[PDB]
Amino acid sequence: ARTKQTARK
Amino acid sequence: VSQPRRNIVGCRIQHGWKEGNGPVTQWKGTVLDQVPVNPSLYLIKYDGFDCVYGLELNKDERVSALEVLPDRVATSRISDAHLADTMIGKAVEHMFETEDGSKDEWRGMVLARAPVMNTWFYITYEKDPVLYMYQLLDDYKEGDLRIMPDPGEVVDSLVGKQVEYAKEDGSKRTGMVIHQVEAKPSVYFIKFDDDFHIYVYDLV
């Protein structure tokens, strides 16, 4: 349910 | 419960980031740790981004005026640690959802329990090797994480040793090692200068 989009800035 | 100066480890902060000469965008996060080999460096986790970076919050021109917030990172101790201990140092498939909603799992390794935020957990991945923090409890509970299975101490770790490698544009990554992981002594945290990300590597 997590996303790689929120991994970094 | 007192100290002469600093010791902001474990209390969240707010500061702005300026890339080159771009925009001063405002970030707030939590300081997680400091490295003893070079004590000008702190580890940070930002609300919103699961990744953890390493920044010289006071020796770096790029960081903005440093504000230390009165907000408290509620320790909020975890219900049961039995499951947490089963997966420290193992190899697990981390399920990730694309924005379209399609499936994509990455094979990675749960390094150990995190510091300051106890529910959150350290992790590194195979094709992407950097230090991330995820509440893996939530993951395993909802079903997006699975685990595949598996005498007198010697000098062991080589923390503080500067390293070098070979890259393409006539350049080599230059950094140093900063940590020996408790679960597997083979891997180490390494920090490469001109980069603000913490890498987890197996040095055999």
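Residues numbered from 1 in each chain as written, not as in the entry; some residues may be left out. Chains lettered and ligands numbered in written order. Heavy atoms only, no water.

Per the deposited record, the coordinates in this entry were obtained by X-ray crystallography to a resolution of 3.5020 Å.

Points about unusual backbone geometry
Residue and element names in this part refer to chain B. At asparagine 7, a residue that is not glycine, the phi angle is positive and equals roughly 60 degrees. For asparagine 7, the position within the fold is in the segment before β1 (12-18). Backbone geometry places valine 204, a non-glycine residue, at a positive phi of 35 degrees. In this fold, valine 204 is placed in the segment after β14 (198-202). (Helix = DSSP H or I, 4+ residues; strand = E, 2+ residues; numbered from the N terminus.)

Structural notes on the interface of chain A and chain B
Between chain A and chain B, the contact holds nine residues from the first and 22 residues from the second. Carbon and sulfur atoms make up 47% of the surface buried where chain A meets chain B, a total of about 1,500 Å² over both sides. When the buried surface of chain A facing chain B is broken down by residue, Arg2, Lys4 and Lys9 of chain A rank first, second and third, together holding 54% of it. Taken together, the connections running from chain A to chain B amount to three salt bridges. (Contact = heavy atoms within 4.5 Å. Buried area = accessible area lost by both parts, 1.4 Å probe. Salt bridge = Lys/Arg side-chain N within 4 Å of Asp/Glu carboxyl O.)

Some thoughts on the packing of aromatic side chains
With the rule as written, the count across this model stands at 13 aromatic pairs over all chains. Considering the side-chain rings of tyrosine 53 of chain B and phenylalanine 196 of chain B, the 6.3 Å spacing of their centres and the 15 degrees angle between planes classify their relative orientation as stacked. Among the aromatic side chains, those forming a connected cluster through ring pairs are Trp17, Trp27, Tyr46, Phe49, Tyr53 and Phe196 of chain B. A cation sits over an aromatic face here: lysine 4 of chain A above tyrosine 125 of chain B, 5.1 Å from the ring centre. The cationic tip of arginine 173 of chain B hangs over the ring face of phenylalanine 192 of chain B; the distance from NZ or CZ to the ring centre is 4.7 Å. (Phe/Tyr/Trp six-rings, centres within 6.5 Å; stacked < 30°, edge-to-face > 60°. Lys NZ or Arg CZ within 6 Å of the ring centre and 35° of its normal.)

Re the pattern of salt bridges
For the structure on display, the rule yields seven salt bridges over all chains. Across the salt bridge formed by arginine 2 of chain A and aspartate 50 of chain B, the nearest N and O atoms sit 3.6 Å from each other. A relative accessible area of 7% means that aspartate 50 of chain B is categorised as buried. The partner of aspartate 128 of chain B in a salt bridge is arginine 8 of chain A, and the shortest N-O contact between them spans 3.9 Å. Taking the relative accessible area as the measure of exposure, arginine 8 of chain A reaches 41% and is therefore partly exposed. Overlapping salt bridges, with partners in common, bring together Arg2 of chain A together with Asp50 and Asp139 of chain B in one network. (Buried < 20%, exposed > 50% of the residue type's maximum accessible area, 1.4 Å probe, protein only.)

Brief notes about the nonpolar core
Residue and element names in this part refer to chain B. Core analysis: the biggest nonpolar cluster contains 37 residues, and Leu57, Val110, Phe121, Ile123, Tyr132, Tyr134 and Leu136 have the highest contact counts within it. Going through the elements one at a time, β1, β3 (42-46), β4 (49-55), β6 (91-97), β8 (121-125), β9 (132-134), β13 (187-192) and β14 are the ones with two or more residues in this core. Counting residues per element, this core draws most heavily on β4, which supplies four residues. The contact partners of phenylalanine 121, leaving out residues within four places of it in the chain, are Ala84, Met87, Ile88, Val110, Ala112, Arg113, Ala114, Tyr132, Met133, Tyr134, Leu136 and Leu137. Counting residues in each nonpolar core, the second largest holds 19 residues, with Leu43, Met109, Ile178 and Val187 among its members. (Core = buried A, V, L, I, M, F, W, Y, C linked by side-chain atoms within 4.5 Å.)

Regarding the pairing of β3 of chain B
All names here are of chain B. When you tally the buried positions in β3, you get five out of five residues, the bulk of the element. Covered by surrounding structure in β3 are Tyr42, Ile44 and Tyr46 together with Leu43 and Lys45, the residues of both alternating faces. Alignment of strand β2 (residues 24-34) against β3, held across five bridges, turns out to be antiparallel. From the neighbouring strand, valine 31 faces β3, where its bridge partner is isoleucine 44. Both β3 and β4 contribute to a ladder of five bridges, which runs antiparallel. Counted as the bridge partner of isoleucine 44 is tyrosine 53 from β4. What sits between the antiparallel neighbours β3 and β4 is a turn of two residues, in which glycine 48 has the positive phi angle 115 degrees. (Pairing = 2+ DSSP bridges.)

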